Amino acid sequence: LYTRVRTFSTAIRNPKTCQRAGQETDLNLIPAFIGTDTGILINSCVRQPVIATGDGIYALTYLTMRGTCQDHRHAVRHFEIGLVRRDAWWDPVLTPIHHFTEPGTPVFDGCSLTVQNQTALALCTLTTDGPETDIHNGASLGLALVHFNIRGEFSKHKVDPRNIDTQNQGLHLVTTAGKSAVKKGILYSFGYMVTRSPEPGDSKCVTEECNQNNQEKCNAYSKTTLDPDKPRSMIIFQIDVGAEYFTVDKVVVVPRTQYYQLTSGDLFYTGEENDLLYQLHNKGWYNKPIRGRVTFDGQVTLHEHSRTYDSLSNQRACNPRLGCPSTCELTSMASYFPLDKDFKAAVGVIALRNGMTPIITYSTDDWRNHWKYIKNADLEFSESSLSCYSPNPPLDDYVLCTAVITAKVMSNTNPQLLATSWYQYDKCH
Amino acid sequence: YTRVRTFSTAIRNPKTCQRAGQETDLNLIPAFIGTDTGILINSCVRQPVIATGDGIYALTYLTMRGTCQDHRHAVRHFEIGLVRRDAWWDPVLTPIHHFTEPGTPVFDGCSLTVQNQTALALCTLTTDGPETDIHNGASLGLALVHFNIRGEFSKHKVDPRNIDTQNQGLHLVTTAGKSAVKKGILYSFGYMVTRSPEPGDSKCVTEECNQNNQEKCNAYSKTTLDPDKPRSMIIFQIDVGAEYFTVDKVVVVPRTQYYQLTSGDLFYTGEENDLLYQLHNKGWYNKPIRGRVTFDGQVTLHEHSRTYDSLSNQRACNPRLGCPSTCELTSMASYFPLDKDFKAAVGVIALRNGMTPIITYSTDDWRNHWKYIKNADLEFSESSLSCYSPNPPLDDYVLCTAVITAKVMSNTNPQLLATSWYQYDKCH
Ligand SMILES: *[C@@H]1O[C@H](CO)[C@@H](O)[C@H](O)[C@H]1NC(C)=O
């Protein structure tokens with residue numbers, strides 16, 4: 001059988017109160033030989049990467065298309081599960097053991113991903129041309145729960161979205177790509193919901209001096225409508241995947257007061273009795289990290305942390321500048337992962353400047369301890385997913401992180417899948 | 001498992017019609033196989049071998065951090081998967097199970113073939129690589145590796161004491177390439193360190209090179225390790241399920257049959273047909289080296305007269321490539337038979353300067369056409385190529401998949417890339 005290398009998420013740990021030191025030496029990057037070839041030679045497009053780790057196990061998912069990024073009809077959904085194994089340097093590295101593909105059509109879109117014990121769980125949307133195009137065309141959408149385990153078993157189960165409690169407001173339910181979390185047998189994941197009535201209230205905005213009515217621009221570009229007749233709200237799905245008592249599958253609205261533009265995100269497990277953490281993905285005009293704590297009692301609140309030490313940018317400036325509400329959209333996102341259950345310390349993968357040059361950033365509160373290169377080159381990347389994990393028993397000064405990015409390799413106009421891991425400094429003083 | 005049934009193009013009768021060059025552009029399709037191999041960290045991938053069976057493929061390769069000369073810390077990868085219809089209804093390769101064996105010792109020089117639902121690899125167990133181990137006075141092991149589409153994996157040490165060498169073998173080494181199974185016997189290339197030097201001249205050329213070619217051919221033939229260690233090319237014969245009693249053995253490929261000691265591929269053509277072969281261009285000889293293998297009376301490599309493809313380096317050699325020298329091609333060529341005679345062939349080769357991977361398509365000694373894998377200044381080092389027909393076959397095409405080790409984004413080491421294509425196969 002396989003020997004297990006025990007690991008756990010850094011996000012379940014108590015925060016360190018000591019000053020976290022910047023690492024003086026350069027990064028020890030180590031192999032993450034996961035995923036597949038994704039068509040660097042033929043300029044294929046990889047979208048929606050999500051990585052998740054458990055106890056000696058990781059899982060990975062992504063969507064591939066030939067030639068363009070706008071061909072959902074002929075896309076292929078990839079799923080993968082693998083192990084943490086000691087290599088010839090005795091480093092714990094990720095390596096795949098089973099891979100699965102599901103070609104369209106319909107295709108699995110916007111899959112979330114988590115690892116529970118020996119099983120990966122993905123909640124996905126069944127679509128022909130992509131959810132927004134299907135909804136516009138008057139088509140319906142499906143949902144699916146996919147699981148696969150380290151034995152190589154694979155299951156896909158349709159979930160009737162009409163039987164999910166939406167307080168009779170939901171017309172369409174859509175999952176979006178990112179990390180999910182399971183607490184007390186309930187699977188939580190981000191998505192959005194087309195509703196009968198528009199959601200009242202102002203979208204979250206900024207008081208930055210932008211030579212305009214910010215709140216007006218914020219509402220206008222909030223992406224809370226798919227059409228004059230199609231309002232949509234951000235949601236968190238709650239699916240019973242093993243609750244102690246019977247629970248009704250439901251969605252809960254994330255009110256538009258809680259975010260700037262409707263977007264995807266990650267939910268980070270911190271323990272059975274601890275609040276989930278979150279990050280929203282910078283895919284619009286807001287160019288600072290969007291992360292913090294989620295609570296549900298009475299209503300869904302995104303308790304957003306005050307974070308300014310990292311800034312996202314595009315190669316070409318926007319008018320008004322990024323950070324000001326506009327129709328500009330960041331071409332390159334950032335992934336953050338909590339080093340503790342409060343998100344006090346964070347690891348990030350982000351572009352250095354101009355939407356290129358992947359770097360790792362390392363913060364405590366609103367202070368950047370250091371940054372290091374993944375690759376000091378003019379390499380653009382579009383999407384990312386990041387997971388950090390500690391061996392058990394832990395190392396004194398380090399944890400481990402793995403990132404997947406979709407990068408425009410060798411002057412390709414589309415992005416392909418690349419991966420890397422590193423020893424992540426975790427040390428006091 | 002649900003899969004597109006396939007068979008190797010090398011078992012077919014040669015087409016009696018004239019083969020046309022393809023006027024239309026190449027239809028390249030995804031080969032999303034293997035893993036990330038450290039493009040971001042300049043890892044080194046070596047010894048790639050791909051093999052196909054009936055709706056099944058297998059892949060193997062060796063990875064190292066930072067340099068290509070770190071056998072002590074290398075990792076051997078094995079992979080098996082299926083031929084499946086994608087959303088365009090094209091038959092594409094997709095992995096189902098992956099395996100790694102980190103050093104040390106590591107599996108070096110693995111050959112690879114697919115027998116029914118099981119991949120077979122014959123490998124050499126080594127610490128610092130076979131030549132370094134031999135130089136250091138260490139011994140080597142052999143191993144037979146099996147892994148199947150259900151995900152089962154087996155490795156068994158093979159004691160060289162059970163391999164008949166007519167009491168001449170001192171070390172046995174497998175080299176990376178395609179193997180073949182006929183009538184339950186596994187055949188694969190390798191080399192053998194012997195007690196006594198092999199007599200005879202190395203195969204040579206008569207090209208005017210302003211030198212004594214035969215003397216240079218013998219001197220640069222790589223038939224000696226160190227100063228006192230002669231070695232001979234061999235073909236292993238290992239029982240993997242023969243119906244009759246056989247002794248596992250090596251058979252010498254005499255030095256008259258090849259230019260420099262090197263690795264190669266053996267191509268199955270049917271239970272009752274001669275194997276085909278190719279030797280890998282890793283030295284000064286810069287034309288294809290391929291043809292038919294026979295065994296009745298020790299190994300004869302019946303080398304075809306092939307000149308339509310020529311390999312080149314970015315920096316010229318003095319004397320020029322094609323002339324015996326100590327210069328070595330930085331990029332190899334992979335060929336695959338489209339029939340049991342190797343009459344028609346698919347090739348993967350660099351266009352010029354050891355870069356720009358292209359596909360060539362030949363009949364006899366004529367290049368019908370060539371097509372780009374990538375029209376870019378992309379250096380690549382090693383390759384493996386397999387072509388296969390869906391069953392029932394297509395009228396005008398077959399399918400091919402290649403893996404190459406390419407120096408991506410100004411990396412000094414090469415990483416694993418893959419692609420497939422519809423290969424023109426049409427008459428007139
Ligand atoms: C973890 O998974 C294994 C295999 O699926 C199962 O047998 C075991 O009971 C699980 N343990 C828990 C605590 O759920």
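Lettering follows sequence order; numbering is per chain, from 1. Read the numbers this way: they start at 1 and go in the same order the structure lists the ligands and their atoms. What's counted below: heavy atoms across the whole structure, side chains too, no hydrogens, waters or symmetry copies.
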Please report the shortest heavy-atom distance between A:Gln424 and A:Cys401, naming the atom on each side. CB-SG, 3.7 Å

Closest heavy-atom pair, B:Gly34 versus B:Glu79, reported as atoms and distance to 0.1 Å, is N-OE2, 2.8 Å

Heavy-atom protein contact below 4.0 Å for atom 7 (O) of ligand 1: no

We want to know whether A:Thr125 and A:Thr175 form a side-chain donor-acceptor pair, criterion being a heavy-atom distance below 3.5 angstrom. yes

Nearest protein heavy atom to atom 5 (O) of ligand 1, by residue and atom, and its distance? A:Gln118 OE1, 4.3 Å

Can you tell me the protein heavy atom closest to atom 14 (O) of ligand 1 and the distance? A:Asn117 ND2, 3.4 Å

Do B:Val45 and B:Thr63 have side chains that approach each other closer than 4.5 Å (heavy atoms only, starting at C-beta)? yes

